[PDB]
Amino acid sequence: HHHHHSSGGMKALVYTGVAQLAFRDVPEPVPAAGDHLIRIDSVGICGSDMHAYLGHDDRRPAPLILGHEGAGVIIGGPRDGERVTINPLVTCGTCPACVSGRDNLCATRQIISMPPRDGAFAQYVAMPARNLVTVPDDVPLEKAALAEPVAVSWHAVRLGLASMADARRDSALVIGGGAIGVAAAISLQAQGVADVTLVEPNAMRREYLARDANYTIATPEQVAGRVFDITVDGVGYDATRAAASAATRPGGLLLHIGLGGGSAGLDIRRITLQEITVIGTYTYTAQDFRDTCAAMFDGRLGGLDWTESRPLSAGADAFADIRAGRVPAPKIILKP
């Protein structure tokens, strides 16, 4: 088998200062004991990358490689040339959270792009075998790199549905036209809730999404005063929490994924007098990641185009375009 016994450099987009991304040479990673070297084909930009880029992220400082939405090809060893998409969350397998099958809550949970783990905004990453899912030949690595953002919302929806105190699952309202919102919308339709409305103020993304949206797309005003069995706040501001509160039917589900900001917004009185199940969600179980990949690859989660690509060398420029709010697509995929 071909090996990397000696290494040189690889290209990476490194976060060097607030709103500053430099495309430069960094050392190629050394795989640990039971780890594979992944040549990154596609790595998507996430709300956590944006948050760390604007200097808002407390835990992600200094020089740092961001990005945790990676798909690519194993280099060297008996799985050389194998096409895989990466689960970036590494879990201890032995804490109470893991043993009940809620590894998303592991006490020592690490993600790629979260020190001490470098991010996937680079030509190569080192990853344990158990964090890799094989991508069939008929699925582009560019669609497979959506595994992680889809898996966040898939986890929310599965856990939410299973947590509901009744079987009345007719209506869902997803708040936010970002990647989280779309993932929630397509997860809700794949998991058997057909009547899904996504609500988004931005006319541009409404048109983008309406291309191949199997679910209803609307503006806040077209759903004013309506109530739904299920609400998904994919944005997570006070305003969006307030909106989700008002739009959840009595006995209904309010899923809170987005991490916008604020410590309020929930109508405590409505949630008590109308008995609303409110569930905050974090990432996904390893089994959710695998289920998500399975549902993508067999076509249950729609066309998965809601993407535009850019070279890693143009990463910085791509961040500016999201900031200025001029990306019609809800996801930018970088190409090392």
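Numbers follow the displayed sequence, beginning with 1.
Comparing the deposited coordinates for 273-281 and 300-308, the stretch with the larger average C-alpha B-factor is 300-308. Between 40-48 and 62-70, it is 62-70 that carries the larger average Cα temperature factor according to the deposited entry. When the C-alpha B-factors of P115, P140, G81, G178 are read from the PDB record, the largest value belongs to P115. For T94, the recorded CA B-factor ranks within the highest third of the chain. Only modelled residues enter the ranking. Per the PDB record, residue ranking by Cα B-factor puts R249 in the lowest third of the chain. Among the modelled residues of the chain, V26 sits in the highest third by CA temperature factor in this PDB entry. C293: CA B factor lies in the lowest third for its chain, per the PDB record. In the PDB entry, a CA B factor belonging to the middle third of its chain's modelled residues is recorded for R102.
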